[PDB]
Amino acid sequence: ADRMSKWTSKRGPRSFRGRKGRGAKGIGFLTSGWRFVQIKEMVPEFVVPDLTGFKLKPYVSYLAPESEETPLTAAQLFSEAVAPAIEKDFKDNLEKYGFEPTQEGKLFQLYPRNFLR
Amino acid sequence: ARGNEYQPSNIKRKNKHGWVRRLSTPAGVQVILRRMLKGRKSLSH
Amino acid sequence: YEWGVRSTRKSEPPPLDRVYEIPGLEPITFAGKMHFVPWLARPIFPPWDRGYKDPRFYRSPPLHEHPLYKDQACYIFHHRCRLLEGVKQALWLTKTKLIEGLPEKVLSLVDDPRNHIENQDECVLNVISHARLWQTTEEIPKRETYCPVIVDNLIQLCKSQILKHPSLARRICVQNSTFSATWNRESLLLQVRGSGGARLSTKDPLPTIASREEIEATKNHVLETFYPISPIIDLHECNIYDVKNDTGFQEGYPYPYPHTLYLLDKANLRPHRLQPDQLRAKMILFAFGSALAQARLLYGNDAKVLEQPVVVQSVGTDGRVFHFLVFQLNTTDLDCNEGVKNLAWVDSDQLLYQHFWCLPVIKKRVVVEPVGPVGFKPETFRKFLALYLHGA
Amino acid sequence: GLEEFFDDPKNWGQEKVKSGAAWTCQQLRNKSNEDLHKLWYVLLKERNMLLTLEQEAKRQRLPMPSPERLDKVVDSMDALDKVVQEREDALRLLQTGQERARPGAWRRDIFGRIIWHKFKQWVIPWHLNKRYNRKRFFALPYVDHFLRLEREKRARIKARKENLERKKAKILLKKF
Amino acid sequence: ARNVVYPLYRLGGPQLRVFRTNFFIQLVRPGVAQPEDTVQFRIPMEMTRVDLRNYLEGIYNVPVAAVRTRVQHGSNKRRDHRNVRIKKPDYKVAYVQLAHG
Amino acid sequence: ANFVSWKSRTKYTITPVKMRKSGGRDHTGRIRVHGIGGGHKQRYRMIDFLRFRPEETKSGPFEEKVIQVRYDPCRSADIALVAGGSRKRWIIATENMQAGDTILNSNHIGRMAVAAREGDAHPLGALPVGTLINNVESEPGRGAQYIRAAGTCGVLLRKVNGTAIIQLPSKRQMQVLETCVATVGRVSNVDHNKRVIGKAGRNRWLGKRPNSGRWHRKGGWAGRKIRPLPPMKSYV
Amino acid sequence: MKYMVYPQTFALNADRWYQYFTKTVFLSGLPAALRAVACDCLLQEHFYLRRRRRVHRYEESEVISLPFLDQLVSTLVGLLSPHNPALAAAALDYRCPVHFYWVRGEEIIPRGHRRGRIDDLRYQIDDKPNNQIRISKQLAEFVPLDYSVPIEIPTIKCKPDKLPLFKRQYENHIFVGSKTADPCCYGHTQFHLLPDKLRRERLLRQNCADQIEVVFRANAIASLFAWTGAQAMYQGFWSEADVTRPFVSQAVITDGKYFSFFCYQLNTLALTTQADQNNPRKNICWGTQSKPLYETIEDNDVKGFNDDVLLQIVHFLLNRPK
RNA sequence: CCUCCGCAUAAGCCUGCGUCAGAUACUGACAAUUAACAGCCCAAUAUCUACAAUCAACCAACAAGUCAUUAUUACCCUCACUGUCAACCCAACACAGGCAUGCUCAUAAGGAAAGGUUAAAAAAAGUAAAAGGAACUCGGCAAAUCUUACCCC
RNA sequence: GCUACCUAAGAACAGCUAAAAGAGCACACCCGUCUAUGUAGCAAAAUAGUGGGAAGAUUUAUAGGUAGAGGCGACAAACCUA
RNA sequence: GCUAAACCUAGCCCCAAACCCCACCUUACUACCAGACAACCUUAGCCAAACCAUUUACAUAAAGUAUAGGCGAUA
Ligand SMILES: [Mg+2]
Ligand SMILES: [Mg+2]
Ligand SMILES: [Mg+2]
Ligand SMILES: [Mg+2]
Ligand SMILES: [Mg+2]
Ligand SMILES: [Mg+2]
Ligand SMILES: [Mg+2]
Ligand SMILES: [Mg+2]
Ligand SMILES: [Mg+2]
Ligand SMILES: [Mg+2]
Ligand SMILES: [Mg+2]
Ligand SMILES: [Mg+2]
Ligand SMILES: [Mg+2]
Ligand SMILES: [Mg+2]
Ligand SMILES: [Mg+2]
Ligand SMILES: [Mg+2]
């Protein structure tokens with residue numbers, strides 16, 4: 001009889017309560033006998049770096065110069081990454097300079113994005 | 001003797017007044033549209 | 001009359017749009033939209049197949065393209081085959097002559113009181129009572145529980161005779177053993193893939209029961225035929241099979257020689273339970289299959305009269321009724337309907353007890369029948385013990 | 001170790017804990033991808049510690065020491081996420097020309113409203129997906145009247161807003 | 001990570017890796033007596049116990065022996081001046097038993 | 001409604017199939033026939049009314065053995081599990097059909113008339129005139145559709161041309177191509193007609209709901225109507 | 001409502017909690033043809049016996065070790081019957097249930113219409129030992145009743161729930177494996193097979209390397225306590241009629257390769273608060289560290305068979321009533 | 001002194017007598033229900049599956065019945081997610097009503113008919129009653145007893 | 001989600017007499033004969049007693065179906081959210 | 001002297017001008033499996049005719065004119 005309360009797995013008969021989740025991404029599948037097969041590749045692997053020797057504390061000293069915000073753009077990235085090599089080889093096949101015709105064949109395809117975060 | 005005609009059961013609730021059932025037929029689609037036009041906070045049940 | 005009504009059969013796809021019929025023009029479909037819209041032509045999607053192999057979403061190749069597909073149909077007999085004609089069908093399939101009653105050679109092993117177990121009656125009564133009443137917390141244990149239990153407890157009671165008979169240390173009781181044996185009868189390729197019950201396996205073969213004179217005498221006996229029922233009825237016809245004679249164990253396995261096939265019909269439901277005749281037929285076929293696998297392993301895949309007949313015993317049971325069988329395979333030349341024929345001694349419908357009362361029946365507050373077995377027949381357990389002791 | 005979930009023991013109980021300034025987006029833009037990756041976990045550990053402090057302060061019914069540093073950490077993490085997103089977006093635009101990381105399409109739903117349907121990942125093609133085919137992406141003629149009604153409701157709301165704004169402006173001018 | 005589309009995994013594909021974790025957890029004082037080796041956390045609702053185990057073992061190098069989770073229902077009984085129910089957020093609670101005693 | 005007929009099985013089998021009662025309701029959910037509903041749950045036994053159905057890879061007349069004669073909940077007449085070659089099948093048992101009997105099914109129309117033996121299936125042209133038949137087919141190979149109830153027996157009257165005249169149990173005459181098959185003798189359970197229900201509960205068990213309580217006036221149709229027997233129904 | 005105690009439990013340090021629930025003190029240690037037969041069973045279940053269906057690791061336990069342990073028990077019973085006459089008449093049970101229901105401690109109802117009322121802490125153990133031997137003559141006490149051992153029973157400072165342990169309300173069963181009418185009422189040995197969820201490899205992956213012995217020990221304590229208590233209550237003793245003689249039992253718990261041996265002596269059914277207020281008795285469980293029967297099986301050969309482990313099994317089977 | 005009950009599961013509800021502080025079984029804050037129980041399943045293509053249940057044994061049936069695989073091909077390499085609280089739900093209510101199942105068959109569990117006083121009428125429930133015993137009344141309604149025979153439908 | 005009927009697959013029916021019973025007495029359970037109270041009531045149909053059935057045409061939990069020019073009905077113009 | 005009494009702006013009415021991250025059709029707000037199923041078809045009635053039955057409305061001027069109409073209500 002309650003319509004304004006959110007629909008959660010805590011409401012409904014046993015089948016409903018079992019079937020609905022809470023947003024947790026699936027980790028595997030179910031086989032005969034309701035046995036859960038967990039796939040390792042489906043478990044997110046936290047790629048935590050080595051923080052030893054890292055010099056960047058969470059906060060920044062207040063005695064730090066203030067600089068104008070310059071959001072990175074495609075043009076800026078091209079100028080700072082590709083333009084030098086392009087100029088050199090023009091003075092002296094874009095794959096050599098860096099362009100990749102197709103995202104297929106890459107582990108990290110930019111579009112459609114296939115990596116987390 | 002009367003008064004307790006509502007014997008709650010979420011299965012019947014959702015199978016009778018649910019979003020899927022309302023969208024199943026054009027009449028229910030228009031019901032949802034009427035609720036949306038009126039501004040109801042609860043379009044379906 | 002065709003089975004399956006139209007309303008249940010798969011719906012026919014809707015008629016194609018006339019735009020497709022029109023030759024020179026390319027139809028405009030909602031394929032580019034990636035979803036259905038009722039005002040555009042329905043696309044003709046090319047057949048799709050996932051590029052990679054995916055178990056749990058795998059479709060087998062069509063039957064004819066299976067590597068083992070064969071035009072010649074092999075008729076397989078498995079644990080859940082219920083022959084229509086029963087014992088006659090089994091005898092015809094195995095080229096076997098039936099002898100009512102167990103052989104004197106085995107029956108005499110229990111005549112001497114020394115082989116007799118101490119307190120046979122009391123021990124067997126205790127076994128029955130444990131299997132049928134005391135087994136589980138349930139008030140009335142089901143057959144699926146008290147059939148395997150009764151068989152195992154009887155086997156343990158027999159095994160207790162290791163004191164008297166040290167030779168009983170050369171036998172084991174293997175479970176989940178499966179054997180396979182193929183042979184031809186009247187140009188019919190018949191296979192037996194026997195699984196299920198327990199296999200008592202010895203380190204030594206069983207002695208032959210019948211003498212060569214009796215084996216020759218089997219020539220005159222003629223297989224009882226049955227018309228119009230074919231001998232193949234109730235056997236799984238299979239066009240995708242592998243003709244292989246497998247004894248169920250890798251070469252060099254200790255305890256290789258089958259000594260008993262303990263088959264149990266533990267289905268709770270009567271229809272799901274074999275009839276006594278069908279169970280005896282299953283016993284015949286499994287004993288023949290095990291013996292034939294042994295013969296093929298030993299003397300090779302040659303159709304010939306065995307110079308050393310192979311003996312296999314079997315005990316079929318339903319928890320209350322038992323059937324005892326001793327099968328002597330003395331020929332692998334099965335194709336021909338004439339010649340020396342294998343022979344099986346059978347004792348049928350030997351009921352260990354007439355009935356068991358799990359609760360005391362009370363009439364007018366008077367106990368008419370006490371809890372426990374009624375009509376106990378120690379002769380059946382004597383036959384059981386004789387079979388177990390045979391070869392020791 | 002679990003000690004990383006709590007502030008320094010010397011800091012425990014201190015009424016105020018002095019903290020630096022939150023990382024700025026411009027400052028972060030100078031840092032390498034590996035440096036940002038490490039700083040993300042540094043800030044994550046700090047954020048976990050500060051959230052633990054907040055919850056424990058609520059449990060003890062006491063004010064959280066220096067509550068502003070939690071906001072500073074959240075701002076720093078947001079700036080780092082924005083910088084990484086900017087770099088990823090620039091690279092995606094350069095290599096593919098797509099301005100959205102997730103495929104999608106403008107589609108008309110069953111209610112006649114134009115939505116940006118964001119595509120989901122499937123193993124079978126759409127023409128075979130049963131649930132997708134159940135989902136409807138077209139509005140039948142009976143929805144046009146409700147589309148008009150919603151349009152007119154929006155127009156009425158907008159007209160009321162504008163007329164009220166003009167009334168208020170005129171009252172202000174008369175008052176001053 | 002949360003509020004992000006997980007790249008669909010097909011059989012034989014690469015391992016799913018998350019570089020900048022989005023899950024932030026709280027170490028909370030238990031409200032009831034707990035075993036000495038048990039730690040209580042409040043977790044994002046989208047985090048599995050496997051995710052929490054890897055999170056703790058990778059970011060904090062905490063040897064985790066066992067993890068259990070439960071979804072605590074936040075009260076919806078409270079009402080504002082407009083008689084509209086105020087929903088206390090539901091939250092996931094994780095009990096983590098440390099390893100090596 | 002979502003009514004889907006339970007008659008979806010496509011492969012013939014001997015196993016009792018799990019039926020689903022209708023209660024007289026059409027697929028739309030509305031009552032189409034009154035007085036049907038409830039009763040003991042039943043399982044359907046697929047009857048092979050095409051008695052001459054030579055087994056796959058086989059042809060010509062063949063014999064079969066009657067394993068047993070069994071009560072059928074779905075039929076007034078009892079059935080028989082008849083097995084031949086390497087197949088079994090349910091058929092409609094005739095009056096004096098016992099287990100172990102041999103039943104012949106032939107397609108041969110000999111010049112003379114076959115010696116009719118109860119239970120066997122022969123083309124109508126092969127039967128002597130005046131024999132009692134049952135499970136008659138409208139067309140050659142269509143399958144038995146007439147004279148299938150308990151104790152019902154049609155009569156073979158005439159064999160003019162390549163046709164046969166059959167007196168149906170309702171006494172109507174029927175012309176069928178003589179190639180169509182029909183079993184000899186009368187259907188089993190001949191005493192079904194003399195079955196006393198005894199109690200309204202037994203009707204409810206059988207699945208017949210009570211008649212409507214509304215009172216109906218009897219019109220002109222009610223009176224006893226004596227009519228000439230209808231003309232022959234031809235299928236040639 | 002009662003806590004369902006699982007002998008084979010994934011709960012960490014469950015052995016100490018079970019010791020508390022049982023008033024049990026754990027003590028390290030204990031109070032040729034056979035080798036050929038054991039190797040024959042191992043090779044029969046690993047190499048010789050042809051399998052029609054491919055065997056998956058998740059069912060390897062059930063389809064390999066369980067038949068292997070059954071074969072070991074049966075064949076060893078047959079072979080040692082000459083040297084142990086009582087073992088001849090014993091009853092061998094496969095996966096027969098063993099139920100024990102008891103009360104241990106009290107609790108104040110925390111919430112609800114019954115808040116503040118004292119309620120007993122009921123426990124039920126429902127075990128299914130893979131094999132077990134039941135006799136009609138009780139075994140001899142391993143140590144005299146009232147055996148004072150300095151070791152102190154572990155104490156639980158929190159609720160039993162915190163150890164993953166959940167309450168239910170179902171039939172309270174006290175069952176030794178056969179009904180009370182069965183003459184073979186005393187216990188001789190229980191052969192337990194650990195389930196796949198408790199694999200040594202899985203524990204090592206889960207960082208529970210310390211918990212292998214804990215799993216074995218908890219399974220032993222729970223199962224043997226349930227069995228001995230069921231035997232005692234079949235004999236008529238209970239909390240207010242505490243046992244007048246020790247009730248002894250033995251167990252071997254195996255993962256398929258590693259075996260551990262346990263001896264349990266029930267000296268106390270007075271576990272309730274009322275009967276335990278001034279009870280000096282306490283049950284005892286002797287246990288041994290898990291040892292591998294064999295190192296590896298390569299095709300037709302078993303490498304490094306442990307004659308000492310085989311002799312431990314043989315000695316347990318050779319134990320006889322006095 | 002009462003015990004209709006009670007304890008659990010299901011269904012339903014959704015934090016709804018746990019701690020602290022304020023008020024005057026309320027408000028605010030804090031905490032909590034941890035999976036083994038239960039839900040959440042199953043690779044294809046063919047191919048099997050006559051013989052109820054009822055202690056299943058006799059008997060006895062009719063209304064004719066909940067329970068079964070094989071053949072080949074694929075496939076292990078990996079214990080997630082969700083319910084778990086309460087004095088509770090449907091009846092506008094702390095409603096004498098409705099409410100499936102397992103055990104307890106009177107309980108070990110759960111509860112309090114009397115706010116205090118007096119002991120008027122009338123009213124309700126109950127108990128007892130001299131002699132009589134339907135004379136009451138439309139009628140033996142009610143109550144008390146255990147009680148024959150004849151008629152309509 | 002009440003109710004009329006139906007569909008799927010479930011569940012309940014102590015004890016006694018009799019014997020395979022739309023059998024008898026009688027719990028649970030279903031119903032509601034008669035009386036009293038109540039009549040803005042505990043209750044928009046209840047309570048107490050009394051009473052009919054209680055192994056069947058029985059009762060009942062779950063999900064589904066039939067929709068108003070209609071449905072369903074052992075016809076009471078019944079019932080289809082007081 | 002208590003209940004209380006009042007209050008001015010929250011907004012609204014009529015016109016003009018001007019055209020207006022993730023989840024979610026399965027039990028919606030549910031990461032992740034072979035679909036096939038697809039929309040279009042006269043408004044009626046109240047009411048008036050004092051009933052009702054044909055019938056009864058849905059820039060200016062020509063003009064309420066020509067016409068229609070149980071030639072009447074009215075159109
Ligand atoms: Mg209801
Ligand atoms: Mg009538
Ligand atoms: Mg859980
Ligand atoms: Mg009171
Ligand atoms: Mg008073
Ligand atoms: Mg008187
Ligand atoms: Mg009078
Ligand atoms: Mg009188
Ligand atoms: Mg008078
Ligand atoms: Mg009276
Ligand atoms: Mg009864
Ligand atoms: Mg009756
Ligand atoms: Mg009438
Ligand atoms: Mg009337
Ligand atoms: Mg009018
Ligand atoms: Mg008027």
Side-chain angles (χ1 to χ4, degrees), chain A residues 9-10 13-21 24-28 30-32 34 36-40, chain B residues 1-9 11-12 14 18-20 23, chain C residues 13 38 55-61 63 66 68 78 80 140 236 238 240-241 267 269-272 354-355 357-359, chain D residues 59 120-124 127-131 133-136 140 151 155, chain E residues 3 5-6 8 31 48 50 68 70 72-73 75 77 95, chain F residues 1 14-15 20-21 23 25 29-30 37 40-41 70-71 73 81 199-201 204-205 210 213-214, chain G residues 1 6 56-58 110-113 164 166 168-169 197:
Chain A
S9 50
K10 296 187 179 301
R14 52 165 77 257
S15 53
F16 282 32
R17 297 197 310 271
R19 191 177 302 277
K20 190 163 185 57
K25 262 80 178 196
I27 294 298
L30 275 166
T31 58
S32 63
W34 295 282
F36 186 77
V37 189
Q38 151 168 341
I39 298 169
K40 189 201 180 306
Chain B
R2 307 301 306 278
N4 62 336
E5 286 89 8
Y6 180 53
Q7 302 303 317
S9 54
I11 302 187
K12 288 189 177 293
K14 308 282 268 180
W19 183 262
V20 176
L23 301 202
Chain C
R56 197 164 52 96
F57 296 102
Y58 164 91
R59 288 188 313 285
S60 171
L63 287 174
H66 280 185
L68 288 174
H78 46 79
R80 195 182 154 285
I140 302 157
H236 178 229
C238 192
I240 302 167
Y241 57 95
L269 277 295
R270 177 80 40 81
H272 295 284
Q354 181 63 46
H355 182 46
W357 285 117
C358 303
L359 277 296
Chain D
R59 171 73 160 276
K120 285 171 60 176
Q121 296 165 355
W122 313 85
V123 182
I124 58 176
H127 74 276
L128 292 174
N129 188 6
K130 199 167 182 175
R131 203 211 307 169
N133 296 328
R134 281 201 306 268
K135 195 163 177 175
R136 276 151 296 184
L140 285 182
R151 173 177 174 172
Chain E
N3 288 329
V5 58
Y6 274 34
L8 179 52
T48 74
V50 186
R68 274 155 291 141
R70 62 172 191 84
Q72 177 54 67
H73 162 94
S75 177
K77 185 180 179 181
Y95 308 92
Chain F
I14 312 307
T15 77
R20 283 200 261 98
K21 304 166 178 302
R25 267 79 168 166
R30 301 205 179 186
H40 199 289
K41 181 165 165 191
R70 188 212 156 78
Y71 164 96
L81 179 66
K199 39 186 291 201
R204 304 300 313 269
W205 302 343
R214 198 260 294 267
Chain G
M1 283 282 268
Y6 278 97
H56 305 293
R57 74 180 190 279
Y58 70 86
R111 276 177 43 79
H113 72 287
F166 309 86
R168 272 181 64 239
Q169 172 170 338
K197 181 187 282 182

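All chains are named by letter (A, B, ...) in the order of the sequence lines, taking the proteins before the strands, and each is independently numbered beginning at 1.
Nucleic acid contact class of C/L359 (heavy atoms, under 4.0 Å, all strands): base. Counting non-hydrogen atoms under 4.0 angstrom, E/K77 reaches the backbone sugars and phosphates but no base. Residue C/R59 is in base contact, counting any heavy-atom pair closer than 4.0 Å across all strands shown. Among the atoms of the strands shown, base atoms are found under 4.0 Å from some heavy atom of B/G3.
Both thresholds, 5.5 Å between centres and 30° between ring planes, are not jointly met by C/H272 relative to the base of H/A68, so the two rings are not stacked. H/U84 has no base stacking with the ring of G/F166 when judged by centroids under 5.5 angstrom apart and an interplanar angle below 30°.
No Watson-Crick or G-U wobble pair links I/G38 with I/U60 with both defining distances under 3.5 Å.
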Between the protein and nucleotides 70-74 of chain I, list the N/O to N/O atom pairs that are separated by less than 3.5 angstrom.
unit_1, atom_1, unit_2, atom_2, d
I/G70, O3', F/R30, NH1, 3.1
I/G70, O2', F/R30, NH2, 3.3
I/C72, OP1, F/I31, N, 2.6
I/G73, OP1, F/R209, NH1, 2.5
I/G73, OP1, F/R209, NH2, 3.0

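A glycosidic torsion no more than 90° from 0 defines the syn conformation, and J/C41 adopts it. Shown here, J/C40 is classed syn by the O4'-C1'-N9-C4 or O4'-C1'-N1-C2 angle, which is within 90° of 0.
Judged purely by atom type and a 3.5 angstrom limit, E/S75 uses its side chain to pair as donor or acceptor with the backbone of E/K77.
Nucleotide I/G15: paired with I/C25 (Watson-Crick or G-U wobble, both distances less than 3.5 Å). Across all strands shown, I/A67 has no partner, as no Watson-Crick or G-U wobble contact with both distances under 3.5 Å is found. J/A59: no Watson-Crick or G-U partner with both key distances under 3.5 Å is found in any strand. Pairing for J/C12 is absent, with no Watson-Crick or G-U wobble pair whose two atom distances lie under 3.5 Å. Within the shown strands, nothing qualifies as a pairing partner of J/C51 under the Watson-Crick or G-U definition with both distances less than 3.5 Å.
If you measure from atom NZ of D/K135 to atom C1' of J/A31, you get 13 Å, rounded to the nearest angstrom.
Partners of F/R70 by side chain to side chain contact (heavy atoms under 4.5 Å, CB included), not counting sequence neighbours, listed by chain and number: F/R45, F/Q68, F/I79, F/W90.
For the strand neighbours H/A43 and H/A44, base stacking is present under the 5.5 Å centre-distance and 30-degree plane-angle rule.
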Checklist line | Secondary structure of RNA chain H in dot-bracket form (Watson-Crick or G-U wobble, distances below 3.5 Å, | marking inter-strand pairs) | finding: ((...((((......(.(((((...)))))......(((...((((...............(..)....)))).......))).)...((......)).))))......))..........................................
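Once rounded to the nearest 0.5 Å, the distance linking CZ of A/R17 with CZ of A/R19 reads 13.0 Å. With rounding to the nearest 0.5 Å, the separation of NZ in F/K21 from NE2 in F/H40 is 9.0 Å.
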